[PDB]
Amino acid sequence: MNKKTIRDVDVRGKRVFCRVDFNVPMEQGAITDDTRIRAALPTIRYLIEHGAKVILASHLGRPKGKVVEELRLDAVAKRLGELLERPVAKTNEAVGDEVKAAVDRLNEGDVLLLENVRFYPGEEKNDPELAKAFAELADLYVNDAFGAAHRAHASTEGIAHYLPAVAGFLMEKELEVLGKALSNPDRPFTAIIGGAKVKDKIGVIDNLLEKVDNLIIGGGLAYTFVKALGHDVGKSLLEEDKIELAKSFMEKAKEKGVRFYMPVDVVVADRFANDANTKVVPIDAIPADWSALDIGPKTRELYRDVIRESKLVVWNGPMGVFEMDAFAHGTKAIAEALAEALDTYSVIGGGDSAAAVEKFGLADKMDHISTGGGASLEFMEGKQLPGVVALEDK
Ligand SMILES: Nc1ncnc2c1ncn2[C@@H]1O[C@H](COP(=O)(O)OP(=O)(O)O)[C@@H](O)[C@H]1O
Ligand SMILES: [Mg+2]
């Protein structure tokens, strides 16, 4: 919230450097999923329509500061032109005289895609010299890549010290929804935290406990908490070194008046495989030589009931090993409960969690699916993302 956007500045006839996220999956030089390109169109179309000279910048993969032929942006330029139904110029460098000549040749409404910014070693180091070379190409900077704003790189932060800097439309949606969930939530406010390791979620659980009414835990994360309560977890994922941290979090929940929910039943398997023998058991009776890979039927029911009584729900992390169909039921049940809750606003964050919802075909039934991956989690921890801080306040 409070950042200026492209709607707040006149872009007619200005050279506009726009950081976008075109880091798409490829195989054999062909794009296999263009979702991220599609997500950038609203911003891009607005700029074209209003007469900006549009300069797009993105990274693709991890070239490590050198040219990697296979990570050039030609395929993306091609695909963008198809979607816009207008040619997209594309250079083989991102700075330098050839690039200055290409920007100079742009007319109002024209689009130019620069080569992969991570071909340059100063990008990931945030070198001011690279930042200044980028800034020399334009009049204004637009940041529409929330998934890259959590690290201070020349194209996501450095350049904003030299030009007026505003948010694109995707950036604006992420800040408004996530910002409001942390700053002024609708209540009851429930957070659902799953995934594999508590190690990965320490910051998120810590910060959400200062805000929510209810905290629900699932995934492999939950077995560290069950062990903390004195129950054996058989062969389940466990982080013994975090047992004391788990007891502190439960004590923080009590002190704050938060209702804390964890599984009452689990789906256990005799082997880590889709065709393993499985059975349902209560949480205090996990067989010593079996593994719990999903939440059970009574837990799905209980979680659905809490979701139904909440006005806002933030969910990060699968409830079980959803990659295997036999252990995907708990994850599916949470997605379906959110899709069907008439007065509950749903926010989803995390790579696997977004994938899971897409996989079940429920993405359009959710209020907001964060695009930021790791940047969404860091935002939820209460961190100040460098790319966000650099943008001007309205
Ligand atoms: N009971 C479990 N045992 C082992 N791994 C689990 C369990 N429940 C969930 N996971 C795993 O959690 C992983 C997703 O966790 P995470 O990466 O933190 O989610 P996100 O990307 O949504 O933040 C998936 O690979 C899944 O198989
Ligand atoms: Mg993940």
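The first residue in the sequence is number 1, and the count goes up from there. All heavy atoms count here, side chains included; hydrogens, waters and symmetry mates do not.
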Rounded to the nearest 0.5 Å, how far apart are [atom1] of [X] and [atom2] of [Y]?
{"X": "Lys247", "Y": "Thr224", "atom1": "NZ", "atom2": "OG1", "result": "12.0 Å"}
{"X": "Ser376", "Y": "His150", "atom1": "OG", "atom2": "NE2", "result": "9.0 Å"}
{"X": "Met366", "Y": "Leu338", "atom1": "CE", "atom2": "CG", "result": "5.5 Å"}
{"X": "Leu112", "Y": "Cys18", "atom1": "CG", "atom2": "SG", "result": "12.0 Å"}
{"X": "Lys180", "Y": "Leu178", "atom1": "NZ", "atom2": "CG", "result": "13.0 Å"}
{"X": "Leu56", "Y": "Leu80", "atom1": "CG", "atom2": "CG", "result": "6.5 Å"}

SB check [X] [Y] (cutoff 4.0 Å):
{"X": "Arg304", "Y": "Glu336", "result": "no"}
{"X": "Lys64", "Y": "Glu124", "result": "no"}
{"X": "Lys298", "Y": "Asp265", "result": "no"}
{"X": "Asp289", "Y": "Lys235", "result": "no"}
{"X": "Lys254", "Y": "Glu251", "result": "no"}

Minimum heavy-atom separation for [X] to [Y], with atom names?
{"X": "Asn277", "Y": "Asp270", "result": "OD1-OD2, 2.6 Å"}
{"X": "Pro263", "Y": "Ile295", "result": "CG-CG2, 4.0 Å"}
{"X": "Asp325", "Y": "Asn274", "result": "N-OD1, 3.2 Å"}
{"X": "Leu84", "Y": "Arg45", "result": "CD1-CD, 4.2 Å"}
{"X": "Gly194", "Y": "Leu221", "result": "O-CD1, 3.7 Å"}
{"X": "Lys3", "Y": "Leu175", "result": "CG-CD1, 4.2 Å"}

Could you list all the ring-ring contact (aromatic ring centres under 6.0 Å, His included) pairs where at least one residue sits in [range], not counting sequence neighbours?
{"range": "residues 192-241", "answer": "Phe225-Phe260"}
{"range": "residues 349-394", "answer": "none"}
{"range": "residues 293-320", "answer": "none"}

Salt bridge (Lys or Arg N to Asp or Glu O under 4.0 Å) filter on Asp305, not counting sequence neighbours, yields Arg308
Would you find a donor on one side and an acceptor on the other, under 3.5 Å apart, between the side chain of [X] and the backbone of [Y]?
{"X": "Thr156", "Y": "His153", "value": "yes"}
{"X": "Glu239", "Y": "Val198", "value": "yes"}
{"X": "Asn23", "Y": "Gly61", "value": "yes"}
{"X": "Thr278", "Y": "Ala269", "value": "no"}
{"X": "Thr91", "Y": "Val99", "value": "no"}
{"X": "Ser370", "Y": "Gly349", "value": "no"}
{"X": "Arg86", "Y": "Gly109", "value": "yes"}
{"X": "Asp367", "Y": "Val347", "value": "no"}
{"X": "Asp8", "Y": "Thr5", "value": "yes"}
{"X": "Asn316", "Y": "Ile193", "value": "no"}

Identify, with sequence neighbours excluded, every residue that meets ring pair (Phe, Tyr, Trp, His ring centres under 6.0 Å) alongside [X].
{"X": "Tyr261", "answer": "none"}
{"X": "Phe134", "answer": "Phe17"}
{"X": "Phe169", "answer": "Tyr46"}

[Y] reachable from [X] in the ILVMFWY side-chain graph, under 4.5 Å edges:
{"X": "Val321", "Y": "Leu237", "answer": "no"}
{"X": "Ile217", "Y": "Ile307", "answer": "no"}
{"X": "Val313", "Y": "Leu208", "answer": "no"}
{"X": "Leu130", "Y": "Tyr162", "answer": "no"}
{"X": "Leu140", "Y": "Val388", "answer": "no"}

Please enumerate all residues that pass side-chain hydrogen bond (donor to acceptor under 3.5 Å, both in side chains) together with [X], with sequence neighbours excluded.
{"X": "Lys132", "result": "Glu129"}
{"X": "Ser155", "result": "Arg19, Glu123"}
{"X": "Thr371", "result": "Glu174"}

With the side chain counted from C-beta on, respond yes when [X] and [Y] share a heavy-atom pair under 4.5 Å apart, and no when they do not.
{"X": "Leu293", "Y": "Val268", "answer": "no"}
{"X": "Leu391", "Y": "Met171", "answer": "yes"}
{"X": "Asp139", "Y": "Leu163", "answer": "no"}
{"X": "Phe322", "Y": "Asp294", "answer": "no"}
{"X": "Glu108", "Y": "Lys14", "answer": "no"}
{"X": "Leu238", "Y": "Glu240", "answer": "yes"}
{"X": "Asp206", "Y": "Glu381", "answer": "no"}
{"X": "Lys242", "Y": "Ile202", "answer": "yes"}

Run the side chain to side chain contact (heavy atoms under 4.5 Å, CB included) test on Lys100 and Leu137 for me, step by step, so that the C-alpha distance in whole Å, both residues' side-chain angles and the decisive distance to 0.1 Å come before the verdict. CA-CA 7 Å; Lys100 281 164 171 166; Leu137 308 177; 3.8 Å; yes
So salt bridge (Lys or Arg N to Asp or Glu O under 4.0 Å) across residues 47-61, not counting sequence neighbours, yields none
Quick note, salt bridge (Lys or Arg N to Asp or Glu O under 4.0 Å) partners involving residues 353-366, not counting sequence neighbours, are none
Problem set entry | Derivation of the side chain to side chain contact (heavy atoms under 4.5 Å, CB included) call for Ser58 and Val76 | CA-CA 10 Å; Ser58 183; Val76 169; over 6 Å; no
Given the options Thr190, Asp186, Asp213, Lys311 meets side-chain contact (heavy atoms from CB on, under 4.5 Å) only with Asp186
